[PDB]
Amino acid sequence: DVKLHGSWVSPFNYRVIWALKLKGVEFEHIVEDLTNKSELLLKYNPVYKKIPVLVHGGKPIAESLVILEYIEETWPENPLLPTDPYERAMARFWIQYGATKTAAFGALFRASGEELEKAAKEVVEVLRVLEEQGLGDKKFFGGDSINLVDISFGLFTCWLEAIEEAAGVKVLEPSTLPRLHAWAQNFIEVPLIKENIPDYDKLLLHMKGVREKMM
């Protein structure tokens, strides 16, 4: 009844895997080869031709952030958003902030030397705003358990770790971002996340390849 056109490396696909598993929703995972996109992928997502694409009752939902809100509204038990409208607006605000700033991480795949150091310090500033104004002293962005905001920021854990290793730069460090680094460790230790993340060696090999092709 639920299908997910995905991948074993895309952080955007993993957001959807986490939300479905948090809801206890049974689904078929269909791994797409992005060099040979399926007929169903192109039919279901003609606008972007990207994964993830959730298909529920034969009807498709593309874009990870749109899919997450659909899952939250369709399976409302064990909520991943707060009930208060102001708190919900803050969650949407931070999710949107991450989506706009995710482009600044692309410079870690292209820049070198004194330019890559500049890109890394700009990423640290992006993360510091998120840490200071978004996370604060909470264990998770969701408070005492993960919510859609933690899910939207999960790419700053093993995916960012792999990018740091592939590029030879440090971004999310305990000395510079103490609370955000503790959060990244706590997020990765949540059993649902621990049991549903790509193998680090494979992810690192993928990131090295992306940096290789993007110079």
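Numbers for residues come from their place in the sequence shown, where the first is 1. The term rigid core refers to the most C-alpha atoms you can superpose between the two forms while keeping them within 1.5 Å.
- Structural divergence in 6 other deposited structures of this protein between 68 to 76 and 103 to 111: following superposition by the core, 103 to 111 has C-alpha atoms lying farther from the shown form.
- Averaged over their C-alpha atoms, the temperature factors of 173 to 181 and 25 to 33 are higher for 25 to 33.
- Here 115 to 123 and 128 to 136 are compared by their mean Cα B-factor, and 115 to 123 comes out higher.
- Out of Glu161, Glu189, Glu39, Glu63, the entry records its largest CA B-factor for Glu39.
- Sorting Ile71, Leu108, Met90, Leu81 by the CA temperature factor given in the entry leaves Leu108 at the top.
- Ranked within its chain, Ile197 lands in the middle third, by CA B factor from the PDB record.
- Annotation for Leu54: C-alpha temperature factor in the lowest third relative to the rest of the modelled chain, per the entry.
- Among all modelled residues in this chain, the alpha-carbon of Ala166 has a temperature factor (C-alpha) in the highest third.
- Among all modelled residues in this chain, the alpha-carbon of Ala99 has a temperature factor (C-alpha) in the middle third.
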